[PDB]
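Notes for the one structure printed next.
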Amino acid sequence: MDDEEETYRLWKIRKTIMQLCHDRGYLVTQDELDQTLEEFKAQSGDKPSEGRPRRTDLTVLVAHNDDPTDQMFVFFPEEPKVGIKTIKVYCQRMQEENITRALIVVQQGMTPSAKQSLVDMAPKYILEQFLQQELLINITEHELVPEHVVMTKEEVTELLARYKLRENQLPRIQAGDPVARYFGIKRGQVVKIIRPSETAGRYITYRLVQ
Amino acid sequence: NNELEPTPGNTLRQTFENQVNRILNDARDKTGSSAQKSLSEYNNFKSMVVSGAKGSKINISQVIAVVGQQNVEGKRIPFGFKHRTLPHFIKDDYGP
Amino acid sequence: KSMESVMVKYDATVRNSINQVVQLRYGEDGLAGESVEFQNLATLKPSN
Amino acid sequence: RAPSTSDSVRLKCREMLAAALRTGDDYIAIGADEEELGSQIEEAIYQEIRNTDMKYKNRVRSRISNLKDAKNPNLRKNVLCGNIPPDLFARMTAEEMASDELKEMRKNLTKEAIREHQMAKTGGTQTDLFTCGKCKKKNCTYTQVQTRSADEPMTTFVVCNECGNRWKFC
Amino acid sequence: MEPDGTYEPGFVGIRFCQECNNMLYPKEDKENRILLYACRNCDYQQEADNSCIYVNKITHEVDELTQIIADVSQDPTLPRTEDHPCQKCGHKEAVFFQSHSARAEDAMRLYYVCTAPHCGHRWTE
Amino acid sequence: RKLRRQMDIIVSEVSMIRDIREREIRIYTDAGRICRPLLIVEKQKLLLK
Amino acid sequence: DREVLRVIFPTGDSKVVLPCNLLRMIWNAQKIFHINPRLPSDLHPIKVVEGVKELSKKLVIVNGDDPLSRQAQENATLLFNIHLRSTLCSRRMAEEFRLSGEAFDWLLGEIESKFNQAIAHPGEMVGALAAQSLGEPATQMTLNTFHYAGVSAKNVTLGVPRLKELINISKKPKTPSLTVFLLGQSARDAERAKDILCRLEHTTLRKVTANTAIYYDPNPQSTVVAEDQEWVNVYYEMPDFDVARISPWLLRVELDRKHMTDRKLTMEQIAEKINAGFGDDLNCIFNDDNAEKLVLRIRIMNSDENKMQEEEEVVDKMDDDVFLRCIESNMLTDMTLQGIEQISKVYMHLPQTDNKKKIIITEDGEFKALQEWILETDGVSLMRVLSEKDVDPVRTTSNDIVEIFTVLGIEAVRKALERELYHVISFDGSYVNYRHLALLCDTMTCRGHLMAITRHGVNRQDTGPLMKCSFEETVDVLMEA
Amino acid sequence: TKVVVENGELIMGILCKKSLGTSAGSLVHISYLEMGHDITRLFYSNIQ
Amino acid sequence: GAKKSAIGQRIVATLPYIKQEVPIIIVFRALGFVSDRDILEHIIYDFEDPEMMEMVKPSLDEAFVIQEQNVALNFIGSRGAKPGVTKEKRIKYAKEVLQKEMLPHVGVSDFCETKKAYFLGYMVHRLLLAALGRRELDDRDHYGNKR
Ligand SMILES: [Zn+2]
Ligand SMILES: [Zn+2]
Ligand SMILES: [Zn+2]
């Protein structure tokens, strides 16, 4: 345990998040998408010695939707339970980098003030929080998962316009959903849910985030 | 004799109870199938069963040949009479 | 007591007593179930 | 090739290993010295661990158990004659050594019995009477249901396991 | 030291205190380096007869061959066998059965008790 | 039982049961117990004439 | 369409309920028009093509002024249009159906007319219809005996009690279950599947122990347990400097080699487990598996110094004898050597030749069945089960809808409840319309919240005051209103 | 042993219930579709 | 937790009118049989089986917190109610319950207390066999066990 297999987890979670970022539209390199565990150890020169800062090594920037806002950032805290101290240093790093988005992946628990500070952060800036064990398996790989697409405000505008649909009338979607957390979807935003239909052949629905 | 081989993933008793059940089912089915053959097409009963009315072959088995095993929740009748069902039976009896 | 709250609407969309949308259309086609029938598509034919 | 080490504990393990190879005179008949073989085994454990780990000591200990066996002297002898090199003997690949005479047999049959524990699972059925038009094979199952029901006639339902087909007596 | 021996040390379940018939309790004499047995309510104490003072996880033996007086043999509803010669007395009428308990014994194997006077023996084949 | 059979013991009331398994003999003469008449078989034969 | 259709139906069953039986309609034209195989089949194929293209336009269910509505139009009609396109092929008309253009032309008018007919009435109280549509099959033999064998344990207790519980949305199923699929070789290798079986399966320490005993041992090496005496005595590389003060009392446990056969275990795994849990404070030693019996004898790490009545604190920090029992009480009951801590023990084996699943495509384009090893388990740690190696996270499911919400969310819930209701329905064998089941899942999920649609959740609902008061509470909703 | 009717004329086949109704592929369902409830009800009363 | 690692061997009698349950062995102290040997005979005439001995042993550990019959009676009484500090009354009440309210069916006479004690041990013994598993579980559906 924590001797070799751990690298596989760190590899698989790295690919899962990269695919997630890739799914977010960020131009992850195919090789990063394609790399093997053997290559993953090779890419990081992994395991010259034990308990090495792989989580510091795993820490990465990801960047590229086709809309060049650029610069999303992913950080992996070394401490299982993350404190405000690491959050301030992180806050300093994201500020100094002036990144647009920061994703922090915590191993275990957190102080509620850090949890609070993460929630509020800044009215004009976003910080993202992901638990490592939940990342350990890509839920979107599951067969029961429909295709989810975030809708542009104009698409939402067009959607309401075409139907004369009232905002209330739209089914709500709870932001407590892991998948909601996956898209990084915000409240009030709409996600396009694409489903197979045993009747239509194809069924599309939408839900506003609550 | 304890020379009986238990079914993998099951106890010997589970095998034994299962094994006796296949036999009581195969025989009844065989003897039933004999009765399905034994009846003329002239019969009202076969006429009633074939037409899709309220009847079947199992009925024929029950009326003509054999009702079959009675069970409790699918299990053979429990030994409510102290390792027996009735005082007419010998102790440790396992007859159907 | 649960299902009494829902009915079909004239815009084909399925809605409740407070007019909120359940479905884009009833059964995702808006057609009557009685007019449906068992059929073989047979396009899943073995050999291409 | 005697491998000398500077660590007293390693030498002490080597002495303990040399002592384990002293079992039952086989080293005499083979003519190989227990101390050199004992020294080569410990070095080999060390070549992998490179530290006086308890687990490193544990390998000596697992090695001790294999040396101190009396039911497989031919194991020691296979090692002594160089057929099982000390670097090989140390250097794993035997799965709790017990080759020659019985524990291996036991190990095989144990592998059989635990393999048998999936075999059937817990049930059976099958009738093999009705043909299935999707696969010609009569791999079918049959249902006895609708004891009374409503106006629908009691039917015998037949399902084909493979390729999933189900149809009725009617 | 061989895989052919057995472990029947004859555990000592209890010894009553001669002062009160209460149970004696283990204790060390760290000064004499010896195990002792004492009662709590009184000052009565005595040395131990063995180093073993405890046993656990129990019931991997043939209980059903025990705890069965042959007097069951008087029950007519228990079937005699035509199988002869009590394991002792050269006479048949052995009474037979499974274990027939909580340890219902997946062992459906017959166990034999002769009913012939002057033996009382409980065996199986 | 012979006293029971002699009617010097009330068969209609007195129940008498022995369990070798428990090494016990239980007897009950309380009200509300159900009993029924049976033919008494002796030497695998009926006692009646 | 044929290529697309393989995606839509992994079961490979092409027999589906659909509107307008064109075959019977086409056949009727033949019965009417008197077309026969010994008569020529005069046809214009482009007219067929256009007729299908035009009829496709006639398939209006929404406006076609914008492409999205058309996309809405296109996908909603997609499956029917494929049945239509597959059936109305030019070759089919001329060869199989031998239809004349006139026969084809009259038929088109008929099909459209059938299409106009298929439309349901707007304003319909279909919901009351659906409630009755669920209620009626519930009346049948949903509770009639556990007829199911299927080479396995009788899981997901059949029918109404699960249906009642489901309606009640109990936090946990009365009978939780989970189906373990196996990727690659595990599907074909029992030995690999057993290796997974060993890894997944719950194992308590009490499950592992053959016997335990407590001994008074004057010397750790000159032990009174003479059988183990060389075994202790031979060890010397162990720091026996701090053992000159460790518990003079000996505690020894006997281990079930049968269990070691049973779960495929080793001594080194056990010793390392015990020390990691109890810490350095517990001394642990054991004989080799090749011995006469597996025994493990333990000591408390009395670290020489202050652990010797240093402060006399009149409390007796811990007596030895009792402490061997507290550890042993704790040793058996607390430690799980292997497995998920709520899955009981958890496996049953089934051969995939069980059902129509894992039907796979081939070079020919024909569907074929794939056989496999599978375990059906009682358990719901969906994160942990998803996290397990070699198990397929895609197909692996559990009977607990709650975990689906918690992990995958309400959208996956909508599907799993849908599958499960259908599954109860599939057991009774009485067909029920699917659209209703699709509709039912939408009703419970329309809020995006998992909650009892019953009276147990009405107060959270935004429903009207007269509704909530109608739920027998009356005055309480009305006073607040 | 097999059922077949053409132009309202029965060629062969002993009848069953799956033919006679409350099932898929039944004469009753298609008559309802073609002949409609009114013609089908009069046929049904008549046959009985 | 770390208290005694083995609470699951504590039976715990349910006495009439008492506000809570108390160990069977406490009653035995109230019966005045302070000697464990005497209680064991009351439990079984044949303690030669170590298995029966080990199963009862954890109840014996309970017995030592109170040895005196008088304290035991006041204890049971204290569990019965709170007649102030007057622990004559709790004892006296316990005495009345022990005679009349406990197993009336054998007799409420004082000298039939020792006699009463003999029934309880078989009752526990019968429980003990079934709890050990040597006894089969009694049927509720059986009519012979019914009136
Ligand atoms: Zn088939
Ligand atoms: Zn004493
Ligand atoms: Zn004899």
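Residue numbers (the entry's author numbering), protein chains in the order written: chain A, 1 to 210; chain B, 722 to 817; chain C, 866 to 913; chain D, 132 to 301; chain E, 1 to 125; chain F, 588 to 636; chain G, 962 to 1442; chain H, 626 to 673; chain I, 246 to 392.
Even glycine gets a Cβ: it sits at the ideal position worked out from N, Cα and C.
Requested in this report: Starting from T1140 (chain G), follow the alpha helix (DSSP H) in both directions and report where the run begins and ends.
Outcome: In the DSSP assignment, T1140 (chain G) falls outside any alpha helix (DSSP H) and lies within the beta strand (DSSP E) extending over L1139 to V1141.
Query raised in the report: Near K186 (chain D), what residues of its chain come up, given a Cβ to Cβ distance below 8 Å and the 5 sequence neighbours on each side ignored?
Result: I180
Requested in this report: Compute the minimum distance between the beta carbon of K268 (chain D) and the heavy atoms of ligand 1, and state whether it is under 8 Å.
Outcome: At least one heavy atom of ligand 1 lies closer than 8 Å to the C-beta of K268 (chain D).
**Report entry** Reference residue 925 (chain G), options G:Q1101, G:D1066, G:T1415 and G:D1178, closest by Cα
**Finding:** In the structure as shown, chain G begins at 962 and stops at 1442. Residue 925 (chain G) is therefore absent and cannot be evaluated.
Report task. Closer than 6 Å by C-beta to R15 (chain E): which residues in its own chain qualify, once you throw out the five before and the five after it? Chain order, please. Result -> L24
Query - Of the residues G:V1121, G:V1214 and G:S1387, the one placed nearest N1105 (chain G), counting alpha carbons only - result: G:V1121
Query raised in the report: Can we count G120 (chain E) as close to ligand 3, meaning its CB is less than 8 Å from some heavy atom?
Result: yes
Query raised in the report: When you compare only the Cα positions, how much space is there between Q87 (chain E) and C119 (chain E)?
Result: When rounded, the distance between both Cα atoms is 9 Å.
Query raised in the report: Going along the chain, which residues put their C-beta within less than 6 Å of some heavy atom in ligand 2?
Result: E:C17, E:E19, E:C20, E:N22, E:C39, E:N41, E:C42 and E:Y44
**Report entry** Test item: CB-CB of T241 (chain D) and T256 (chain D) under 9 Å
**Finding:** no
Query raised in the report: Skipping 5 residues on each side, what residues in its chain have a beta carbon closer than 8 Å to that of residue 683 (chain H)?
Result: Limits of chain H in this structure are 626 at one end and 673 at the other, which puts residue 683 (chain H) out of reach.
Requested in this report: Output the boundary residues of the alpha helix (DSSP H) element that contains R1286 (chain G).
Outcome: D1281 to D1295
Query raised in the report: Interface residues of chain I around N1291 (chain G) at Cβ under 9 Å?
Result: The contacting residues are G246, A247 and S250.
Query raised in the report: Across which residues does DSSP place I1259 (chain G) in a beta bridge pair?
Result: Partner(s): G:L1212 and G:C1245.
Query raised in the report: Relative to the C-alpha of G45 (chain A), which residue among A:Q71, A:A180, A:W11 and A:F75 is closest?
Result: Residue nearest to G45 (chain A) within the set A:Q71, A:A180, A:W11 and A:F75 is A:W11 (criterion: CA-CA distance).
Query raised in the report: What in chain H is Cβ-close to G773 (chain B), meaning under 7 Å?
Result: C641 and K642
Query - Nearest candidate by alpha-carbon position, reference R1408 (chain G), set C:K866, C:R880 and C:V873 - result: Sorting C:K866, C:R880 and C:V873 by C-alpha distance to the C-alpha of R1408 (chain G) places C:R880 at the top.
Query raised in the report: In chain E, which residues lie less than 9 Å from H804 (chain B) when you measure between Cβ atoms?
Result: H100
Query - Reference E293 (chain D), options D:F261, D:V276 and D:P284, closest by Cα - result: D:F261
Query raised in the report: What did DSSP end up calling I311 (chain I) once you bin it into helix, strand or coil?
Result: coil
Requested in this report: Answer yes or no: the CB of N905 (chain C) versus the heavy atoms of ligand 1, is any distance below 8 Å?
Outcome: no
**Report entry** residue 915 (chain G), DSSP secondary structure in three states
**Finding:** The requested residue 915 (chain G) is not part of the displayed model; chain G covers only 962 to 1442.
**Report entry** Continuous beta strand (DSSP E) assignments of at least 3 residues falling wholly in the stretch 317-373 of chain I
**Finding:** Taking only runs of at least 3 residues, no beta strand (DSSP E) segment lies wholly in the stretch 317-373 of chain I.
Query raised in the report: How about the stretch 1199-1218 of chain G and the stretch 1322-1341 of chain G: do they share at least three Cβ pairs that are nearer than 8 Å?
Result: Three or more Cβ pairs closer than 8 Å define a contact, and the stretch 1199-1218 of chain G falls short of that threshold against the stretch 1322-1341 of chain G.
Query raised in the report: Are the stretch 142-161 of chain A and the stretch 989-1000 of chain G touching by the rule of at least three beta carbon pairs closer than 8 Å?
Result: no
**Report entry** Alpha-carbon spacing of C263 (chain D) relative to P911 (chain C), whole angstroms
**Finding:** 16 Å
Query raised in the report: Helix, strand or coil for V784 (chain B) per DSSP?
Result: helix
Query raised in the report: With 16 as the cutoff for other CB atoms within 10 Å, does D894 (chain C) come out buried or exposed?
Result: buried
Query raised in the report: Touching or not, the stretch 126-137 of chain A and the stretch 160-177 of chain A, by the rule of three or more beta carbon pairs under 8 Å?
Result: no
Report task. Assuming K192 (chain A) and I204 (chain A) form a contact by the criterion Cβ under 8 Å, report the distance between their Cβ atoms to the nearest whole angstrom. Result -> 7 Å
Requested in this report: Would you mind telling me which residues of chain D sit closer than 8 Å to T647 (chain H), beta carbon to beta carbon, in chain order?
Outcome: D282 and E283
Query - Where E38 (chain A) falls, given that 16 or more other Cβ within 10 Å makes a residue buried - result: exposed
Requested in this report: May I have the straight-line CA-CA distance separating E381 (chain I) from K302 (chain I), to the nearest angstrom?
Outcome: Rounded to the nearest angstrom, the two C-alpha atoms are 23 Å apart.
Query raised in the report: Hey, would you say the C-beta of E1327 (chain G) is under 8 Å away from at least one heavy atom of ligand 1?
Result: no
Requested in this report: Please report the Cβ distance between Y1176 (chain G) and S51 (chain E), rounded to the nearest whole angstrom; I am assuming they are in contact, meaning their Cβ atoms lie under 8 Å.
Outcome: 5 Å
Report task. Please determine, among G:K1132, G:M1228, G:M1262 and G:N1267, the residue with the shortest C-alpha to C-alpha distance to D1250 (chain G). Result -> It is G:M1228 whose Cα lies nearest to the Cα of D1250 (chain G).
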